[PDB]
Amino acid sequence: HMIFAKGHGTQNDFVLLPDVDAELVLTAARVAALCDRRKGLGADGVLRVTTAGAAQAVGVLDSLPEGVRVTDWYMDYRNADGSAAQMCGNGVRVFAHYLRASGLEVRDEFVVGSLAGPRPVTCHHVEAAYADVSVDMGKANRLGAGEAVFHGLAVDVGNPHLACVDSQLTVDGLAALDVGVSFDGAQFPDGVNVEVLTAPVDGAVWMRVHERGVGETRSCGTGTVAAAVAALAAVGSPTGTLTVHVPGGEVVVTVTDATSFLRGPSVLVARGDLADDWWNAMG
């Protein structure tokens, strides 16, 4: 009698827990057991579906992020290791898809609240199992050049990035060992996500991320936005649309004057019930 769903976007997979009134107690141990591929259900993170006001009432949220109303849908995102929504902006597509398909939300256009702020979404097509969702990821700020190892552009998409377009990089060359590097500390005093990518060839780009601390880890929403921004800017365009090939598949970034949008697939594989006894005995 504990409702859940299992979904994924490009790469990352999520367990969704509908909990409008935030009655569930998401201990670190419960999240970890639920994310364990053998002992639980297996996921990169848990997305508890609630509202910002309910989250703030139950202690999950202290004060509201700027732009997030007490009545907003709220994606209470937890990493497998109990920890809370690292900067990526991940989870929003699958979250939005869940809202639509489960009938919690009837409109194709609505706002997803999150720790990092409001994320307006557009649901282009929605079926039970598949959806095509656009996330308004926010203003992307180009902020000057920097070296890495590569020479790129500091792009601010809620958090610092350094996306590096390399004309002399191929898709095969991009199979380089960029797990666990060097960047200028004065330019990024509080660390930086480092993207490395091919030159825009026919509206498309191939990239890989190395997010701060977590190492080379899966797909990065905001980092994908940073990558496309830097690629457009290298072709002389402050705004445009690029397909971005990322580990797991492809997504489409749109940059406007005001903001940026990330558009990609979402899949919901399963829906059902966690056993109540199992939930209790998990820490």
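One-based numbering along the sequence shown.
- Unmodelled residues of the deposited sequence between neighbouring positions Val149 and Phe150 number 4 to 9.
- Unmodelled residues of the deposited sequence between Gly180 and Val181: 1 to 3.
- Judged by mean Cα B factor in the deposited record, 217 to 225 ranks above the other of 43 to 51 and 217 to 225.
- The mean Cα B-factor in the deposited entry runs higher for 79 to 87 than for the other of 188 to 196 and 79 to 87.
- Among the modelled residues of the chain, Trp206 sits in the highest third by CA temperature factor in this PDB entry.
- When the CA B factors of the chain's modelled residues are split into thirds, the value for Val126 lands in the highest one.
- Looking at the C-alpha B-factors along this chain, the one for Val20 belongs to the middle third.
- In this PDB entry, the Cα temperature factor of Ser167 sits in the top third of its chain's modelled residues, the highest group.
- Split the chain's modelled residues into thirds by C-alpha temperature factor. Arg100 is in the middle one.
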